[PDB]
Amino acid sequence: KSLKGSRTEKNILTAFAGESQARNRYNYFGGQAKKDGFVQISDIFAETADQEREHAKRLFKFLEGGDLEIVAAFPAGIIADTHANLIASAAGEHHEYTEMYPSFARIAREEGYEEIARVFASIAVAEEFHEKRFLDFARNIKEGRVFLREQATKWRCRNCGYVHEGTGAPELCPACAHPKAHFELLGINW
């Protein structure tokens, strides 16, 4: 049925507004991460931003036109050091998957919008993993484990693919001469 005049219609626009702002914030944090010398984290912020663009797109497509007023609170700033930005981002994701989306989903089910409710719930799953990544990286920075580990492992240069074996990433990639910032733990998800 039509969304016109329902609380769900307003919730969809509210989520869209928030997701849109999240996309921008994450891209800015991505740029800051690059400046702070964390390439993997920078690319993670950028990817998360792109995924927020997609959450927003799915939501936007449910709407049926017209201007709708909304009342909501949003983060008024700010861009800080990468550790701080990761913490703030995780907090945002936390609110979204623990409070906002579940509430919106329940109301959607209440008003008889099962498909939309399912989408809200599904997006919440994505946000929980978004938070996990942000919290994990924040922890790595705080513990000084971004580029150094207890036991020898494999590190990959994101710039050229060089693989380094050792307890930590090298100061300079021997293959492309780019700085340590480009290294990440070698991952194999296939």
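Note that residue numbering follows the sequence shown and begins at 1.
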Completion exercise
Quick note on 139-147 and 50-58: per-entry mean CA temperature factor is higher in 139-147
Practice task
Can you let me know which of the two, 61-69 or 158-166, has the higher average C-alpha B-factor in the entry?
Solution key: 61-69
Practice task
Among all modelled residues of this chain, ranked by Cα B factor, put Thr82 in the bottom, middle or top third, i.e. lowest, middle or highest.
Solution key: middle
Completion exercise
Of the three thirds of the chain ranked by Cα temperature factor, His178 occupies the middle
Completion exercise
Entry-reported C-alpha B-factor of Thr153 relative to its chain, by third, is highest
Fill in the blank from the handout: Sorting the chain's modelled residues by C-alpha B-factor and splitting them into thirds places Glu9 in the highest
Handout entry: Modelled-residue ranking by C-alpha temperature factor, third containing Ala88
Key = middle
